[PDB]
Amino acid sequence: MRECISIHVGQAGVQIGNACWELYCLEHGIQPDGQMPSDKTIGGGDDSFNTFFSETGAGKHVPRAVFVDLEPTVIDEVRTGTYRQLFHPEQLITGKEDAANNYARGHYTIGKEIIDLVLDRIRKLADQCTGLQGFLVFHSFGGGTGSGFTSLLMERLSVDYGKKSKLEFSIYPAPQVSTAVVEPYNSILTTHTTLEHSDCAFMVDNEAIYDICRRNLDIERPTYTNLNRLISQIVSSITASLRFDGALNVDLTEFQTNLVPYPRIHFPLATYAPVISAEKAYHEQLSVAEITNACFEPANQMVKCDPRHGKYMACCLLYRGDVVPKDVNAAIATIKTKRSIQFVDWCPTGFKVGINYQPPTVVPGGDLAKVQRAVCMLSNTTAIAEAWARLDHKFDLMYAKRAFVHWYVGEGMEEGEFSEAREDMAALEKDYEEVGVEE
Amino acid sequence: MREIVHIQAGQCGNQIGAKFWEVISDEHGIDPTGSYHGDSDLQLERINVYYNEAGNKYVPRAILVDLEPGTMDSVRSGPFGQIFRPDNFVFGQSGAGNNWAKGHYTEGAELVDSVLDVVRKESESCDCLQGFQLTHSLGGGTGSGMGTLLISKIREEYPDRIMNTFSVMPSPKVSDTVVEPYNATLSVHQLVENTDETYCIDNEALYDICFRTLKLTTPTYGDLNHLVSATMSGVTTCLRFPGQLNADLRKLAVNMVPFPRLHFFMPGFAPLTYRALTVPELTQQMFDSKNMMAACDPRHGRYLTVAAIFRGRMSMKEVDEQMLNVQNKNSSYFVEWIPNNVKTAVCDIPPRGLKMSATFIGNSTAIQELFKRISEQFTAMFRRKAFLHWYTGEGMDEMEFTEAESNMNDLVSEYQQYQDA
Amino acid sequence: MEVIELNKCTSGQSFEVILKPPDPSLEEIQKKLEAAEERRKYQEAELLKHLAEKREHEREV
Amino acid sequence: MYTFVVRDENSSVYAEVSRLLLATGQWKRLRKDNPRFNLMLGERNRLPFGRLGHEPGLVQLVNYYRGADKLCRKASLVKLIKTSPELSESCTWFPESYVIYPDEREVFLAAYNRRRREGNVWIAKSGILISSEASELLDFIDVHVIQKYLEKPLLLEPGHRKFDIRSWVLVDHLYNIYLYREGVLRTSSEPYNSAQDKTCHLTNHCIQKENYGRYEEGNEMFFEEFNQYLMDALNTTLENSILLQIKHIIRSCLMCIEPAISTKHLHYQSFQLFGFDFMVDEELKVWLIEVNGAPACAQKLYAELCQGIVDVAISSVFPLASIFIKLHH
Ligand SMILES: Nc1nc2c(ncn2[C@@H]2O[C@H](COP(=O)(O)OP(=O)(O)OP(=O)(O)O)[C@@H](O)[C@H]2O)c(=O)[nH]1
Ligand SMILES: Nc1ncnc2c1ncn2[C@@H]1O[C@H](COP(=O)(O)OP(=O)(O)CP(=O)(O)O)[C@@H](O)[C@H]1O
Ligand SMILES: Nc1nc2c(ncn2[C@@H]2O[C@H](COP(=O)(O)OP(=O)(O)O)[C@@H](O)[C@H]2O)c(=O)[nH]1
Ligand SMILES: COC(=O)Nc1nc2ccc(C(=O)c3ccccc3)cc2[nH]1
Ligand SMILES: [Ca+2]
Ligand SMILES: [Ca+2]
Ligand SMILES: [Ca+2]
Ligand SMILES: [Cl-]
Ligand SMILES: [Mg+2]
Ligand SMILES: [Mg+2]
Ligand SMILES: [Mg+2]
Ligand SMILES: [Mg+2]
Ligand SMILES: [Mg+2]
């Protein structure tokens, strides 16, 4: 058994982290006080769920998690929340004033004075690990802390843990649910500084989650609470192989092996189905073929783009519920004859498939209905580069006038880092293109 | 704990400031004695932003400054006069004679250190100081001259704290003396350098609104001030009440100020005060020039950034729809090089006597019309060096006026740069 | 359309379906962090110098 | 009020469409790079499809189908027909074609040899060469496709002259296929000589303009006249002898690529107008020549067609305050 340490940075990372650990406890039968009746090895054990939970002599199962934010309001909701007993003070790190949506403030100004503390609290968890795999890092692109401090943290984790893998869960900025205008700057700045240090990153566009909540859950104005419960489900589907018995994606290294042939192109597209409103008294349970076909409808992707006009490098299918290989292969064969699924000529045209019989767990009183089978597809398609093109274009419009740039220079950043990061993104967009492409 | 320190200087500054504390004290359930008597804990969730907690009493974190005692004596006997900490009344006796030099160099210099001592004591008792806000006029001597002196001293001692101002711009329509363009021109350059936000409250606009819209044949300064206190309440709503936004002054400024010197905002309010307004009416009104308090036509310029907070119970799917319709109506009046530069926020608590309201904060290049107006009045007198003796008699030099004039013209040309870009 | 590497357990199973064959050091980090702090210190000193020149003028008036 | 932008100033068709929209009073044009639009009249090359459908609350529509180039490039069309089972190499209405890079060189010669006692005339194009000898065609190229030249074209009388049929087809956001009732024949003014001289072999409007204008105004015969000619000369109608095949070919091509280009459940919507070029042989069999993704219209038909675009493609999505034949599928 090898442990994984989750790190939650900024408001988005912390609130999403809180929603995931709630779901984790429900899936593993862990109660808010941290007790796990089904666990018979009191105070220890090397079960699959111990990759995310440590155990105390009193029987409490403690998340291997560290929450970091530069202001306390959000992490205070964890200290006083339903699962307060689950964590202990040394896991929750708060500053006094935040980065004010300013990457430079999160990376340089305020980051320098707290980076040593965070690494120490991470070392305390790493010291309890017999064999640490690496880190799962949750953060937003748009926040000054989520963007600025995360990139600094990722740099130092590559130094203090050169062998450990690092996976990201990143929230891509959507103006529908944002009152900021500088997030294109912060996104490009943090992607540039973090690219070399991340082995596999799962981008989630709030635009996509927002519309899925509106269209499939009948929520007229989705809140962060609505978005996060849906995001937590998808994160759970991605990390379930690390927390349950299985043979697919059982360690962070397999994520790169199975999803990232080229290191810089490490942003797999996630697609999830089915998302069913709990208000629907009864819903016709969807078949394996129907949920698998739904993995190729752009409306169900975590990032809105068109994989038909790109090329695949890898594709993983993660099923939860009543699913058997027979029905999976039957669905794939049918979907090949109806969908445009083109792989690169230097990869096999196949699907790695994992099935966990336990069906998706849902938060009591939430917006999601219980389903007998669900699937999350992880596909590394070049079509996700449409998200970089959108972001880089917004960057270009503002930076051509140096709009807001003085805020970053005022915190010690140099104007050259802007163009330095933008040029890295321009190379990233070309890498994707090389791989994917009056009368 | 994200504290804000409030300063009010001079006659105008203290009279709008007093009304501001009356309004929000009522919104937070604080009575003229400083005792809480509300029916919702939301009133107290962010009470510490503007109030210190004493016998379960809440005391405004407010400093009252003037060079004559008259206006502050009137505040101390006013409705909410007793809630202010007596030690925070800092006043001289000589007055400023509507003279920027008296406020900035002579009379004000003798009093400024005393004001900073109170500012320091209030800042010391702050767990985490967000920054400062100042209320003042630019056309007098104390608020304009000593107010900008205080801002310069505060930045020297607190260089990493936000400084925002609510600044009343003079107008011949509503004027006390002819030297107001001199005092305003001298003050604007100070604000260009040492404030992060300046809400430009034009007395011409406040008068036109009272006369043409509110049907008040003879507006008083009190009538103009009801518009200012109401606008100030809305502008500070996201700092004082729980809701969508929990941004501090710095984050709010970051998303509104793309260039350090172009931080002069056009505020607006709706409804202008039994039929509760529909959401389309709130939205259309807050973008109408007739609801804007800078006396600038937004159709003569372009918006760099816009922020609008809606207060009360309402459908926000309906607000999003109307904000789209008004943007389409004014599509050529928003810069195209700041994506998503129109943002909206909500608060469930409405102000007193309204089921719902909206407050507009526009960073428009049309504000240059206001500076050009002041600059033209300035030059009309300065060509002939008229009334300059009031200033040279306090040690000022002609060159300082020439430099303020040029600084004003540079500010106006910088706005015209981004209005064509 | 072959199935390979089928692994079964009590919790589930996994397999593959093939349809067709085909860093900076700590020192350098502290350097850049300290280089930014000194650009902040220099810019702040220019502000205080600018304000000090303003104090001189106030005394001269 | 609806908004739209223009990014192809060289388009005669959508220059009239923009004028018609402005003339309704309910449409307001914006600047080329303004992203808050309802309708994009996009450019021909490198259209930024990845930036569409990401503006909050705005329904966005574009006048081009992403991926339709596979049908509108001569080399891509050959590959699309031969590799798609819906069409297949056994396709009966597309001339025998091969892609050659300066590929299908070995297989092109194999069929070329099997012909050698069939007529063995071919045409290569991407710039056009017609020759009986293969070596002249292969060596001439030194991306192109070699296509069997149709040696027995239907020749109009009087004139003994060649022609091709242009059909305009509008595909809306619901993937309804609309065939403009009015087509046009681009005729050759010179007589067809089966015996290098490409005045009577190439029927392009520019090649004829550069006997022109003798038989009909501008070498443009419209369906009414061409129909009457078929009734008088050959005792048949345009509907029975040609249009049935044209409609079948249009539907086959577009339904084949529907899953690849459809915007049914996309975050943005697409429509596009296509120009299908057909050829008729002396036995009244219709052959597909090419499909044009950015075609112009006949001067007489600009007004009627452009109005149809607004009614069916634009106002269908953005309503205000038939000339098409619907090919059902
Ligand atoms: N999905 C989701 N997105 C969030 C959440 N909270 C914030 N965001 C997004 O994150 C971006 C803003 O960054 P934040 O994470 O709130 O800011 P931060 O990381 O705390 O950094 P600073 O506050 O500037 O110091 C916006 O695009 C928000 O839409 C959340 O709970 N869920
Ligand atoms: N296989 C073929 N058989 C007979 N004639 C052919 C032919 N291929 C081309 N032609 C003739 O040559 C002319 C020009 O060829 P083609 O249509 O490929 O050029 P083009 O792409 O420029 C047409 P447009 O101007 O509409 O874009 C055709 O209109 C046709 O008359
Ligand atoms: N809105 C408003 N403006 C005022 C008030 N009192 C004065 N003014 C304006 O402020 C300017 C005079 O400045 P004032 O504050 O009286 O001088 P000071 O006391 O030396 O700062 C003129 O432009 C007046 O129109 C007031 O109560 N309300
Ligand atoms: C004491 O000085 C201040 O209050 N300064 C100040 N600056 C502000 C900027 C914006 C807002 C908003 O209400 C808002 C509305 C929608 C989106 C984002 C923000 C409020 C502000 N208050
Ligand atoms: Ca155990
Ligand atoms: Ca590494
Ligand atoms: Ca004295
Ligand atoms: Cl290591
Ligand atoms: Mg934060
Ligand atoms: Mg650099
Ligand atoms: Mg006065
Ligand atoms: Mg002293
Ligand atoms: Mg063509």
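Every chain is numbered from 1 and lettered A, B, ... according to where its sequence line falls, protein lines coming before strand lines. Values below: all heavy atoms of this structure, side chains included; hydrogens, waters and symmetry mates excluded.
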Could you list each N or O donor-acceptor pair linking chain B to chain D at a distance under 3.5 Å?
residue   : atom : partner  : partner atom : Å
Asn328(B) : ND2  : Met1(D)  : O            : 2.9
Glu336(B) : OE2  : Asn34(D) : ND2          : 3.4

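Residues of residues 245-258 of chain B placed with any heavy atom under 4.5 Å of a heavy atom in chain D are absent; none qualify. The stretch residues 263-271 of chain B places none of its residues near chain D, where near means some heavy atom under 4.5 Å from a heavy atom of that chain.
The side chain to side chain contact (heavy atoms under 4.5 Å, CB included) test applied to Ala308(B) returns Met286(B), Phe310(B), not counting sequence neighbours.
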